[PDB]
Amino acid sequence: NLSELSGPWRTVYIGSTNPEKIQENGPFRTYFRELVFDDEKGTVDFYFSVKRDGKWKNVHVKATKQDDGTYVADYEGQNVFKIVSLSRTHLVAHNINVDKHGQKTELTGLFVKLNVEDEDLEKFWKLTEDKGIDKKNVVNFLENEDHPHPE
């Protein structure tokens, strides 16, 4: 039951046994946007952004769960990763990437979830109505293309 963890997630820290993978232009200097867990298909879709070559790219990768519990996915090689601790607000993970040249890299990561509550959303909506504001004149900043760049 990890479906309820789907939604907007943000990268906090990423560590690597190979600094080149996470320095500027590194393939694993990933800013998470959204995570989607599917308990029936045993899969996880990652939506994130990476500045590769000189520009920003939005990437989508689907990970599949294995009998051992680990997940495997194809991104800058073959990756096999393990969630170490999850909860409503956090995800600490460890990933093993093996690139095109057989180079093995171990990465670690802390990601936090952006939890928007119903109780709070409702309050926002009542207030927006009280001020006679039209739902059309409301901007969603969580799923917006027009956003700033961290680098």
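Note that residue numbering begins at 1 and tracks the sequence as displayed.
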Check your understanding: Higher mean Cα B-factor in the deposited model: 90-98 or 54-62?
Key -> 54-62
Point to revise | Mean temperature factor over C-alpha atoms, higher-scoring stretch between 34-42 and 108-116 | key: 34-42
**Study point:** Third of the chain's Cα B-factor distribution that residue 11 belongs to, per the entry
**Key:** lowest
Practice item. Please place residue 128 in the lowest, middle or highest third of its chain by C-alpha B factor as given in the entry. Key: lowest
